[PDB]
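Down below is the structure, laid out as structure tokens.
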Amino acid sequence: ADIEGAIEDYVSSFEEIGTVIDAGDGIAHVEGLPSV
Amino acid sequence: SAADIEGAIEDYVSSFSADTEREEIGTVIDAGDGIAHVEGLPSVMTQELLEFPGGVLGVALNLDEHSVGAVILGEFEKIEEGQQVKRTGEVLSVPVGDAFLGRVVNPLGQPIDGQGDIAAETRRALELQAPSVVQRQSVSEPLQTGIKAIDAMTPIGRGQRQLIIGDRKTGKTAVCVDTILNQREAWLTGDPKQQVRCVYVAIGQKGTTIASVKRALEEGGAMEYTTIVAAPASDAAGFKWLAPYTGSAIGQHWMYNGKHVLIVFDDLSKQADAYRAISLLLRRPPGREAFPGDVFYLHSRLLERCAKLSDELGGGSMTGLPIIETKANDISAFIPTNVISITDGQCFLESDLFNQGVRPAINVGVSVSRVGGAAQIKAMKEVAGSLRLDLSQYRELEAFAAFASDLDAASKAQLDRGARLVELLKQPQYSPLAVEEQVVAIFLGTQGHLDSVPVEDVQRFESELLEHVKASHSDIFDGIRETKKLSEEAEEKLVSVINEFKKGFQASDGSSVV
Amino acid sequence: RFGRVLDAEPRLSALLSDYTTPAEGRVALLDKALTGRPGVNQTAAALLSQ
Amino acid sequence: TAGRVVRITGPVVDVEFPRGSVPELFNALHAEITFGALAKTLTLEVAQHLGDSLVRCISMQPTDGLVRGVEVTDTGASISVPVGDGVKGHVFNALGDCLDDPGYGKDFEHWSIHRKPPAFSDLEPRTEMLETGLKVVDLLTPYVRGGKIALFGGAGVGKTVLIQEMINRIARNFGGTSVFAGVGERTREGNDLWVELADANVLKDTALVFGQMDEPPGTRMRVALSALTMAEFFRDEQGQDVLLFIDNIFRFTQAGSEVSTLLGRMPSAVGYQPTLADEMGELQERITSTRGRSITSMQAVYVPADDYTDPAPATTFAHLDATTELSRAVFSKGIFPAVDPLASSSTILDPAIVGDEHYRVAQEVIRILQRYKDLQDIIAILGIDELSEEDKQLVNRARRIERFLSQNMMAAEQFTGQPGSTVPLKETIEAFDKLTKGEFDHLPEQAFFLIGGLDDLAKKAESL
Ligand SMILES: Nc1ncnc2c1ncn2[C@@H]1O[C@H](COP(=O)(O)OP(=O)(O)OP(=O)(O)O)[C@@H](O)[C@H]1O
Ligand SMILES: [Mg+2]
């Protein structure tokens, strides 16, 4: 159906750096980094 | 053979009709490790029997506002997210009837021995009320286990709850199988007031061990009045949890119908372990040894079905023989403590006594029966009255075995008597003794007729003497059985036959006993 | 009708589900796919966009 | 309609699938790790359905390098292992991939590792003695042909040595098929077993499946099932008597415990998983022998903390016909095979099966040893001189009996230098009847140490 074409068109607009959100005692939680 | 091969199916096709009844459906949203959470089923009731698409069954055990956590009864791997769950409007129930005698059934009442179906007389819910205080009666009838140690020291009266407790490979299943075997003489009488119907509930045992127990019962003739409610280790935790209740329900049906039942739970430790697994998988809060708060209740709710009913309810009784495996002889563990509190008495089996050759290995002294003499026939009550004190004195004197020359005459006599009593309470496996034979055997020891036999020969001297009495002087056994007491003339006859036998008895050391 | 349409093609349902992406993009995707055609009722289209 | 990795926590991987394609439990899923150093195809096993079209899986290979969002494709069936006579003579891992010849069985018949235990209708007890040639085992813990046998022990008390010796004593002459499942044992001993079997020409009749401890929890869980599947094929589809050696079956429950908390289960006593008994029961019940189809299974069981009250060994005890129980107390005293004669037991040790003579001698030996154990407390403080004359004689008997239960096993040549020995059951019964009755009280106790037989006893006594 035409829905697939619209989805593909939307996909055209829909380094990799994360950010520490929680840290302490030797543990750090990192938001982002989808490909880690 | 017959036309039935077709006819039965015909009867089905002519009789089958799947009508369209309204049904409430849930959907499995989680499933793992034997627990399935079912969204929906607004009207489901606690401990209901849900049916899943693949013929699988579960028990609605946790009810929340979000989901119904149900323990799945086998075939858990066939449960998936999104599956439709239908509620059967029935709480956990099992079929019950006389057709269960000689059958092996899983905790749902379905046969697993491979024979035909079981013609159920009725169904009983597993969680029915136990007999109330007003509905019971004093335990006053013996249930002869056939083990001299138990029948003399810690008698079990039908209506009692006696715990066989001890570490692994100490003789527990042996004691209970012997108890089941000993009821064949009662069964062959045909009198329901004497017949005892047995339910061996195997929890967590391997299939070959249950097969071994069934073989031991068949070769002993006990399978024609015994049912084996088997929850092998292969079965889900739900079956191990339910098996004692299944067996208790099958027994209760007979009990309320005037029959006498004997229930063996082997073991209740595995029942508790299965319940712990279910509870932790449902995220119920844990306590000591991770058991849920109501684990005691789990056992209590069970063992309190074992009762003797009043004459208004038929006078039937259900005798409990729970078996508990104590790790490293630690009777202070949680489940052992709970069931020692619940039960009316305890046969403590110890591996040290087993290795000493004291097998069946009941640690007399530590072992107790709160029903006491009320559970013994008058003959055993009078004959075995002094036995406990004699054994206690022997255990006190055992440290003096090497100095018998330096002890008082009475003390040395007590030591010699005690050694022979200990040899007397020993008993070979799968060979229970009728109550008359036990009476005569304990009479040999308590009255001092073994004081001349060497210790190492006592086991033989008893075994032959009874073998003589049965064959030639059965009047003694018949009197004890028919009258329940050892009459004075019967006692004199017994003493005379003992003395006559003594002359013809060859001690293993070559000496003469007179 | 839109419910059964979105039941099929779960990829479209997942794309609409993602709320991390800007809402305007999802609304535009829905319009291009489902509600941008004359067959969509005005009230239904508004409800779907919301 | 492939899945997508959402959450990775050590060996546990959560995968979100489309709504209509959530895989069934115990299905095998394939992810791919593309990092060069650790590139591989990662096999996950669906362990839980967690809702919202998510499933939680136990990874078979290490998850190091796995990336969130990576495509996960469902195999549609549980982990399958090769079966047939082809497996004999080769080394496989938990996944059925051959090690000594990669890609070897890829075309064989493949069976799921997961299958229900044989129905209770098909189970009958086994009561045929298996003569191993070890004095202690043959006398006090007689093994059952077609039964279930275990070698319990602490850490490093000789379970691997004894199981290798049992492979040497039972399989070398065995006419059927052997299967060895190395479940989380040491890889060095696995290779030693492989070369030993190759040198003795037993490999052609043996299938080895290794899931050694270098592997993550998933393999240490499923390798026992993978090997038991081959054993079950040989049992059912061919009817050959089968030996099934497992070392160490505790690693199955330990791996289950390792993944337990990551699967969301609340820990049970001693930190084990709540499903300890059921999980181990399924596997153990698959090992039984069905009538006319024999599996003689020997399972080395590891006892944590040398504590026989630990839930894992305690629950395993119910699944076994014969249970030799090695103890560090006996191992410390120099006795090898290190069996505790009192704690060990066997169901075939009845007068109706082993005979009245064997039973009497075994029970007298156990009686003497128990009395000696009770006296050891007195002897260490009040001294032997204060015991009764009968008890003193019994102590002298018991020391010699303990040392005579020691034996120079073939697999322990590198523990003692001297070659192994085999003692017929009749000779064992005769020798122990003589000991317990006194015919050897004049010989020094060190003459009874690591000898294996009456002729060796005489020779070592003369050498003393
Ligand atoms: N009275 C007895 N005389 C001789 N041997 C006995 C006696 N009672 C039990 N045995 C033997 O002791 C061993 C243990 O018996 P049994 O199977 O009844 O033990 P159990 O306490 O139920 O243990 P398990 O936990 O293994 O079920 C078996 O070899 C049995 O033959
Ligand atoms: Mg038992």
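Residues are referred to by chain and number: the chain letter is A, B, ... according to the order shown in the structure tokens, the number counts from 1 in that chain, and ligands are numbered separately from 1 in the order shown.
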- Message: ligand 1: which residues are within 6 Å, counting only C-alpha atoms and all ligand atoms? Reply as a list in words.
- Response: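 Listing the residues within 6 Å of ligand 1 gives residues 168, 169, 170, 171, 172, 173, 174, 359, 360, 427, 428 and 429 of chain B; 347 and 350 of chain D.
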- Could you pull out the residues in chain C that DSSP calls helix (DSSP H, G or I) from the backbone, as a ChimeraX atom specification? /C:2-7,10-17,23-35,42-49
- Message: Please identify all protein, DNA and RNA residues within 12 Å of ligand 2, counting only C-alpha atoms and all ligand atoms, and report them as a VMD selection string.
- Response: (chain B and resid 164 to 177 200 to 206 209 to 210 212 to 213 264 to 270 322 to 325 349) or (chain D and resid 317 to 321 347)
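What chain C places within 12 Å of chain D, counting only C-alpha atoms, is residues 7, 8, 9, 10, 11, 12, 13 and 14 of chain C.
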- Option closest in space to chain C, from A:6, A:27, A:1, A:21 [counting only C-alpha atoms]: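 Looking only at the distances to chain C, the closest residue turns out to be A:6.
For the pair CA of residue 194 in chain B and CA of residue 440 in chain B, the separation is 21.5 Å.
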- Task: Considering only C-alpha atoms, return as a list in words whatever protein or nucleic-acid residues lie within 8 Å of residue 457 in chain D, sequence-local ones (same chain, fewer than 5 positions apart) excluded.
- Result: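 Residues near the query, excluding close chain neighbours: residues 447, 448, 451 and 452 of chain D.
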Take the selection from the previous step and output its residues with N, CA and C atoms, as a short mmCIF file (atom, residue, chain, number, x, y, z; two decimals), in the first residue's frame.
```cif
data_model
loop_
_atom_site.label_atom_id
_atom_site.label_comp_id
_atom_site.auth_asym_id
_atom_site.auth_seq_id
_atom_site.Cartn_x
_atom_site.Cartn_y
_atom_site.Cartn_z
N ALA D 447 49.97 -51.87 55.52
CA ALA D 447 49.94 -52.90 54.48
C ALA D 447 48.64 -52.86 53.69
N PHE D 448 47.60 -52.23 54.23
CA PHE D 448 46.30 -52.21 53.59
C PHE D 448 46.08 -50.99 52.71
N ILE D 451 46.39 -51.03 47.79
CA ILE D 451 46.84 -52.35 47.36
C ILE D 451 45.87 -53.00 46.39
N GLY D 452 44.59 -53.06 46.73
CA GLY D 452 43.61 -53.66 45.84
C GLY D 452 43.70 -55.16 45.67
#
```
- Task: Pull out every residue of chain D that has at least one atom within 10 Å of chain A, counting only C-alpha atoms, and report them as a ChimeraX atom specification.
- Result: /D:65-70
Export, as a PDB file, in the first residue's frame, the selected residues with N, CA and C atoms.
```pdb
ATOM      1  N   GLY D  65      30.045  -7.403  22.876  1.00  0.00           N
ATOM      2  CA  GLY D  65      29.983  -6.893  21.526  1.00  0.00           C
ATOM      3  C   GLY D  65      28.585  -6.746  20.966  1.00  0.00           C
ATOM      4  N   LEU D  66      27.573  -7.284  21.641  1.00  0.00           N
ATOM      5  CA  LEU D  66      26.207  -7.156  21.161  1.00  0.00           C
ATOM      6  C   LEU D  66      25.727  -5.719  21.315  1.00  0.00           C
ATOM      7  N   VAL D  67      24.967  -5.248  20.332  1.00  0.00           N
ATOM      8  CA  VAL D  67      24.532  -3.860  20.255  1.00  0.00           C
ATOM      9  C   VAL D  67      23.016  -3.810  20.332  1.00  0.00           C
ATOM     10  N   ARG D  68      22.501  -2.852  21.095  1.00  0.00           N
ATOM     11  CA  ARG D  68      21.063  -2.648  21.153  1.00  0.00           C
ATOM     12  C   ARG D  68      20.534  -2.297  19.771  1.00  0.00           C
ATOM     13  N   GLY D  69      19.335  -2.780  19.470  1.00  0.00           N
ATOM     14  CA  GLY D  69      18.720  -2.525  18.189  1.00  0.00           C
ATOM     15  C   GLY D  69      19.106  -3.484  17.086  1.00  0.00           C
ATOM     16  N   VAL D  70      19.976  -4.456  17.359  1.00  0.00           N
ATOM     17  CA  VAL D  70      20.408  -5.376  16.317  1.00  0.00           C
ATOM     18  C   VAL D  70      19.296  -6.372  16.022  1.00  0.00           C
TER      19      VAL D  70
END
```
- Item | strand (DSSP E) per DSSP on the backbone: members of range 323-435 of chain B, as a PyMOL selection string | chain B and resi 323-325+345-349+368-369
Let me see the file: selected residues, N, CA and C atoms, as a PDB file, in the first residue's frame.
```pdb
ATOM      1  N   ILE B 323       6.277 -37.711  55.877  1.00  0.00           N
ATOM      2  CA  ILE B 323       7.691 -38.052  55.911  1.00  0.00           C
ATOM      3  C   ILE B 323       8.478 -36.788  55.627  1.00  0.00           C
ATOM      4  N   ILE B 324       9.428 -36.475  56.498  1.00  0.00           N
ATOM      5  CA  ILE B 324      10.253 -35.286  56.338  1.00  0.00           C
ATOM      6  C   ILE B 324      11.721 -35.674  56.361  1.00  0.00           C
ATOM      7  N   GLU B 325      12.456 -35.162  55.382  1.00  0.00           N
ATOM      8  CA  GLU B 325      13.892 -35.344  55.278  1.00  0.00           C
ATOM      9  C   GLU B 325      14.570 -34.191  56.003  1.00  0.00           C
ATOM     10  N   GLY B 345       2.969 -36.804  66.964  1.00  0.00           N
ATOM     11  CA  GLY B 345       4.088 -37.588  67.441  1.00  0.00           C
ATOM     12  C   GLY B 345       5.105 -37.730  66.339  1.00  0.00           C
ATOM     13  N   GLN B 346       6.283 -38.209  66.721  1.00  0.00           N
ATOM     14  CA  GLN B 346       7.421 -38.225  65.813  1.00  0.00           C
ATOM     15  C   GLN B 346       8.219 -39.504  65.991  1.00  0.00           C
ATOM     16  N   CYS B 347       8.396 -40.244  64.901  1.00  0.00           N
ATOM     17  CA  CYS B 347       9.409 -41.288  64.812  1.00  0.00           C
ATOM     18  C   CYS B 347      10.649 -40.653  64.201  1.00  0.00           C
ATOM     19  N   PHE B 348      11.660 -40.365  65.018  1.00  0.00           N
ATOM     20  CA  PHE B 348      12.922 -39.793  64.566  1.00  0.00           C
ATOM     21  C   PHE B 348      13.855 -40.913  64.136  1.00  0.00           C
ATOM     22  N   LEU B 349      14.164 -41.026  62.856  1.00  0.00           N
ATOM     23  CA  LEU B 349      15.093 -41.997  62.307  1.00  0.00           C
ATOM     24  C   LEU B 349      16.449 -41.336  62.129  1.00  0.00           C
ATOM     25  N   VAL B 368       8.475 -39.868  70.144  1.00  0.00           N
ATOM     26  CA  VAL B 368       7.340 -39.728  71.046  1.00  0.00           C
ATOM     27  C   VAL B 368       6.046 -39.865  70.258  1.00  0.00           C
ATOM     28  N   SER B 369       4.995 -40.289  70.953  1.00  0.00           N
ATOM     29  CA  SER B 369       3.645 -40.324  70.407  1.00  0.00           C
ATOM     30  C   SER B 369       2.695 -39.799  71.468  1.00  0.00           C
TER      31      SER B 369
END
```
- Excluding residue 295 in chain D and residues on its chain fewer than 6 positions from it, collect all residues at most 9 Å away from it, counting only C-alpha atoms, and give them as a ChimeraX atom specification. /D:145-148,231-232,235,240-244,287-289
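Straight-line separation from CA of residue 74 in chain D to CA of residue 273 in chain D: 27.2 Å.
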- 9 Å contact set for residue 10 in chain A, only C-alpha atoms, chain neighbours under 4 positions out, as a PyMOL selection string: (chain A and resi 5-6+14) or (chain C and resi 25-26+28-29)
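Proximity to chain D at a cut-off of 6 Å picks out residues 29, 30, 31, 32, 77, 113, 114, 206, 207, 208, 211, 212, 233, 234, 277, 280, 289, 290, 327, 355, 356 and 402 of chain B on chain B, counting only C-alpha atoms.
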Could you turn the residues from that selection into a file that holds N, CA, C and O atoms, as a compact mmCIF listing (two decimals), in the first residue's frame?
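In the end it all went to again28.txt:
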```txt
# COMPACT_ATOMS: atom_id res chain seq x y z
N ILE B 29 -0.36 -12.36 29.33
CA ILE B 29 0.52 -11.23 29.08
C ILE B 29 1.96 -11.51 29.49
O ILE B 29 2.88 -10.98 28.85
N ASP B 30 2.19 -12.33 30.51
CA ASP B 30 3.53 -12.77 30.88
C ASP B 30 3.49 -14.29 31.01
O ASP B 30 2.44 -14.88 31.24
N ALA B 31 4.66 -14.91 30.87
CA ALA B 31 4.77 -16.35 31.02
C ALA B 31 6.24 -16.69 31.22
O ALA B 31 7.07 -16.34 30.38
N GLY B 32 6.56 -17.35 32.32
CA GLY B 32 7.93 -17.70 32.60
C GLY B 32 8.11 -18.55 33.84
O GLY B 32 7.54 -18.25 34.89
N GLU B 77 5.74 -25.06 28.63
CA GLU B 77 6.41 -24.49 27.47
C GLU B 77 5.43 -24.15 26.35
O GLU B 77 5.80 -23.43 25.42
N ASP B 113 -0.69 -44.68 35.30
CA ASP B 113 -0.14 -46.03 35.25
C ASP B 113 -0.36 -46.71 33.91
O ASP B 113 0.12 -47.83 33.72
N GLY B 114 -1.08 -46.07 32.99
CA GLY B 114 -1.29 -46.63 31.67
C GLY B 114 -2.50 -47.52 31.54
O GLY B 114 -2.83 -47.93 30.42
N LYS B 206 11.60 -39.60 42.05
CA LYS B 206 11.80 -39.96 40.66
C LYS B 206 10.87 -41.10 40.27
O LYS B 206 10.47 -41.92 41.10
N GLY B 207 10.52 -41.14 38.98
CA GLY B 207 9.53 -42.10 38.53
C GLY B 207 9.90 -43.53 38.86
O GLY B 207 9.04 -44.33 39.24
N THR B 208 11.18 -43.87 38.72
CA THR B 208 11.60 -45.23 39.03
C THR B 208 11.47 -45.55 40.51
O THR B 208 11.22 -46.71 40.85
N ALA B 211 7.89 -46.36 40.97
CA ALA B 211 7.70 -47.69 40.41
C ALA B 211 8.21 -48.76 41.37
O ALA B 211 7.59 -49.82 41.52
N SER B 212 9.34 -48.50 42.03
CA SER B 212 9.87 -49.45 43.01
C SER B 212 8.91 -49.62 44.18
O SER B 212 8.70 -50.74 44.66
N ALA B 233 9.29 -35.92 40.13
CA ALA B 233 10.09 -34.71 40.00
C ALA B 233 9.96 -34.08 38.62
O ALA B 233 10.14 -32.87 38.48
N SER B 234 9.64 -34.88 37.60
CA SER B 234 9.42 -34.33 36.27
C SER B 234 8.23 -33.38 36.23
O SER B 234 8.16 -32.53 35.34
N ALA B 277 8.78 -22.39 45.67
CA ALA B 277 9.08 -22.00 44.30
C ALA B 277 7.92 -21.21 43.70
O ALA B 277 8.13 -20.16 43.09
N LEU B 280 7.74 -17.67 45.38
CA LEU B 280 8.78 -16.75 44.94
C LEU B 280 8.60 -16.35 43.49
O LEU B 280 8.93 -15.22 43.11
N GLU B 289 14.29 -19.05 55.51
CA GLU B 289 14.61 -20.00 54.44
C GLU B 289 13.79 -19.73 53.19
O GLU B 289 13.53 -20.64 52.40
N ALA B 290 13.38 -18.48 52.99
CA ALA B 290 12.68 -18.02 51.80
C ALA B 290 11.26 -18.56 51.68
O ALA B 290 10.57 -18.24 50.71
N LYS B 327 17.96 -32.34 57.02
CA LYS B 327 19.32 -32.23 56.52
C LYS B 327 20.30 -32.22 57.69
O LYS B 327 20.22 -31.37 58.58
N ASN B 355 23.36 -47.21 60.87
CA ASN B 355 24.65 -47.84 60.64
C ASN B 355 25.02 -48.78 61.78
O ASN B 355 25.65 -49.82 61.56
N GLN B 356 24.66 -48.47 63.02
CA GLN B 356 24.86 -49.40 64.14
C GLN B 356 24.09 -50.73 63.97
O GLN B 356 24.28 -51.65 64.74
N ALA B 402 31.85 -51.92 79.39
CA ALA B 402 33.16 -52.55 79.53
C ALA B 402 33.47 -52.94 80.97
O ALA B 402 34.47 -53.62 81.20
```
- Task: Figure out the distance between CA of residue 219 in chain B and CA of residue 181 in chain B, please, to one decimal in Å.
- Result: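 Value for the CA of residue 181 in chain B-CA of residue 219 in chain B distance: 9.7 Å.
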- Item | Nearest-residue call for chain A, choices C:21, C:49, C:41, C:35, using only C-alpha atoms |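 So, comparing all the options, the nearest one is C:21.
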- Item | B:48, B:457, B:467, B:39 ranked by distance to residue 66 in chain B, top pick (using only C-alpha atoms) |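 When distances to residue 66 in chain B are compared using only C-alpha atoms, the smallest one comes from B:39.
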- Quick one: everything within 9 Å of residue 85 in chain D, counting only C-alpha atoms, minus sequence neighbours fewer than 3 positions away in the same chain. Send it as a list in words.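 Using only C-alpha atoms, the neighbours found are residues 88, 89, 177, 205 and 234 of chain D.
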- Message: Calculated over only C-alpha atoms, which of the candidates C:47, C:33, C:5, C:15 has the smallest distance to chain A?
- Response: C:33
- Contacts of residue 422 in chain B within 10 Å, only C-alpha atoms, excl. fewer than 4 positions in-chain, as a ChimeraX atom specification: /B:149,357-358,364,387,390-391,394,417-418,426,445,455,458-459
Selection from above, C-alpha atoms, as a short mmCIF file (atom, residue, chain, number, x, y, z; two decimals), in the first residue's frame, can you write it?
```cif
data_model
loop_
_atom_site.label_atom_id
_atom_site.label_comp_id
_atom_site.auth_asym_id
_atom_site.auth_seq_id
_atom_site.Cartn_x
_atom_site.Cartn_y
_atom_site.Cartn_z
CA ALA B 149 9.60 -50.15 67.57
CA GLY B 357 22.33 -51.95 62.75
CA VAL B 358 19.43 -50.55 64.91
CA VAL B 364 13.50 -44.24 70.99
CA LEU B 387 10.02 -51.42 77.50
CA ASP B 390 14.29 -50.46 80.13
CA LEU B 391 15.63 -48.89 76.94
CA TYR B 394 20.17 -49.19 78.83
CA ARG B 417 18.14 -56.79 79.30
CA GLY B 418 18.54 -53.59 77.32
CA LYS B 426 15.32 -54.70 65.03
CA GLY B 445 12.11 -59.53 76.08
CA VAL B 455 22.52 -61.04 72.16
CA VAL B 458 18.07 -62.77 69.85
CA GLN B 459 16.95 -61.80 66.35
#
```
